[PDB]
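Enquirer: My questions will all concern the structure given below.
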Amino acid sequence: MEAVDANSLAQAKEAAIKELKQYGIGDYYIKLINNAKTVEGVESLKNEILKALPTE
């Protein structure tokens, strides 16, 4: 209730998950996102998982 931090935060993820669905990645990462408290890491979270999807 500061201004619009929660609104923009929900988008970084809400929007970051859309890519996970459009990409085909696992829902694990779509969820692991919503678990975040901030946002800067939320968006980079999935985009980072994509930077190295085929990992060990």
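FYI, it's all coordinate maths here, none of it is from the lab. Note that each Cβ is placed from the backbone with ideal geometry, even for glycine, and that neighbours are counted across all protein chains shown.
Enquirer: Of all residues in segment 24-43, which are part of a helix (DSSP H, G or I), touching a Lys or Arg at 6+ places or on another chain (Cβ under 9 Å) and either among the polar types (S, T, N, Q) or more than 18 Å from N7 (Cβ to Cβ) (or both)?
Expert: Those that are part of a helix (DSSP H, G or I), touching a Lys or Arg at 6+ places or on another chain (Cβ under 9 Å) and either among the polar types (S, T, N, Q) or more than 18 Å from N7 (Cβ to Cβ) (or both): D27, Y29, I30, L32, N34.
Enquirer: All but one of (1) of a type in the set (A, V, I, L, M); (2) out of contact with any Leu (no Cβ under 7 Å at 6 or more places or on another chain); (3) part of a loop (DSSP other than H, G, I, E, B) hold for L20; which doesn't?
Expert: Result: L20 fails condition (3) only.
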